[PDB]
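Working notes, structure below.
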Amino acid sequence: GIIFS
Amino acid sequence: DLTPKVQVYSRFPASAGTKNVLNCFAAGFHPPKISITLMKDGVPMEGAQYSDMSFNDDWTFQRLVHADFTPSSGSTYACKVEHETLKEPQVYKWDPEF
Amino acid sequence: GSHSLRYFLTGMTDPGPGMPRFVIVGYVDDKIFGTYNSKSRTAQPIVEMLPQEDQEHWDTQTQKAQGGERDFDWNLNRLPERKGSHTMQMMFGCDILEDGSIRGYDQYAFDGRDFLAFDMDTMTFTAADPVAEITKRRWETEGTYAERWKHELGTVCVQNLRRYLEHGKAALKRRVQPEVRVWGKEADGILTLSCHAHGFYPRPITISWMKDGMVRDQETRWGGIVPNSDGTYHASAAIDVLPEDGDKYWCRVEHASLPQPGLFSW
Ligand SMILES: *C(=O)CCCCCCCCCCCCC
Ligand SMILES: [Cl-]
Ligand SMILES: [Cl-]
Ligand SMILES: [Cl-]
Ligand code: NA
Ligand code: NA
């Protein structure tokens, strides 16, 4: 999961 | 309170001179970094093992530490917990089954 | 009737001396079936549960877990300005109900607080606050996370749950009877009675105190169901009574391994 930026 | 809630218990009902496993389970804490040491008469017990970090459904962390031991009627067994929420180490004495 | 598969993923900027900064623990119902961590870099079954695993399956789990490790690294190195250590957590998995219908779960937490969740039935996200809401809108607009995790939760997880249920069926079905111990300690004028249930499996159990055949819930304390290292569990209940009455109190234990509930005294 790519959550930030 | 995000301090650890700790319980100390043996794997099997305890009886003097019969081999067993001592458990210390800490739960409900954050952050996950924690020190948990099983002790005989104030001296760390040999051969302790630590569970992989997991957590409760409410996100708080928990860890089991255990060590084989043969309980002696003459000794005291305890679990020392150090966590960033505690000013000083907390020592939880094992109430022997006997 | 129903069964559950759950993964518990933790990333840590400060795991402590000798401890891996990223960990995954997988559960089938009440039993750890496998683990991964950033030091070994290998996903590995618990052999006492899954004694005959093929390398192909765990090659795949290892590569998927290493991808999770990198994502947790990426996020933890990119937290908004929103001191101290930080944690990422994720819990995901599926339920298969008795009639075969499926439920999926997928939730994240930052520093131990709810952050973002994904509901596969509605393919919608839920943000726990306005900072998470930035991630939700990006994920929605990008339009790919929802499809990927619909597949992961509703197809892959289900397929793997059924596999572990079959491969692990011997361990999952073997009932282990609790060994019960009751003892008393006389503090001042109070006699505290303890009832400990050791080494039982499956996890669900109840312990109740009774006097003269009537339950006594008001002044009972329960320690909770806690793990042993071998996949069995431990549970306890205590009660305080007058030393003269210590013979009238019974601890009643109910467990799937016990055809009838057991009654125990000091
Ligand atoms: C971004 O949200 C990261 C998602 C990581 C998903 C896969 C995790 C690993 C699955 C296999 C675990 C094997 C060991 C129990
Ligand atoms: Cl590491
Ligand atoms: Cl019995
Ligand atoms: Cl009895
Ligand atoms: Na920050
Ligand atoms: Na019984």
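Residue numbering restarts at 1 for every chain, and letters A, B, ... go by the order of the sequence lines.
No salt bridge links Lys150(C) with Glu147(C); every basic N to acidic carboxylate O contact stays at or beyond 4.0 Å. A salt bridge does not link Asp129(C) with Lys136(C): none of the charged nitrogens is closer than 4.0 Å to a carboxylate oxygen.
Counting heavy atoms from C-beta on, the side chains of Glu254(C) and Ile205(C) never come closer than 4.5 Å. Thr192(C) has its side chain out of reach of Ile239(C): every pair of non-hydrogen atoms, C-beta onward, lies at least 4.5 Å apart. The shortest distance between side-chain heavy atoms of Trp94(B) and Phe69(B) falls below 4.5 Å. You'll find the side chain of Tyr36(C) stays beyond 4.5 Å of the side chain of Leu9(C), heavy atoms only.
Ring geometry for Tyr108(C) versus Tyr145(C): interplanar angle of 30 to 60°, hence tilted.
The ring of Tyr27(C) has its center no closer than 6.0 angstrom to the ring center of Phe33(C). Residues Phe115(C) and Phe4(A) bring their aromatic ring centres within 6.0 Å. In this structure, the ring of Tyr9(B) has its center less than 6.0 angstrom from the ring center of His234(C). Taking the ring centroids of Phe92(C) and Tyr7(C), they lie under the 6.0 Å cut-off.
In this structure, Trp222(C) contributes its side chain and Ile207(C) its backbone to a donor-acceptor pair below 3.5 Å. No donor-acceptor distance shorter than 3.5 angstrom exists from the side chain of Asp73(C) to the backbone of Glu69(C), with no hydrogens or angles considered.
Partners of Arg137(C) according to the salt bridge (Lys or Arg N to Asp or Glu O under 4.0 Å) rule, which considers only residues two or more places apart in sequence or in another chain, are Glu133(C).
Sulfur atoms SG of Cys157(C) and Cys94(C) are positioned 2.5 Å or more apart.
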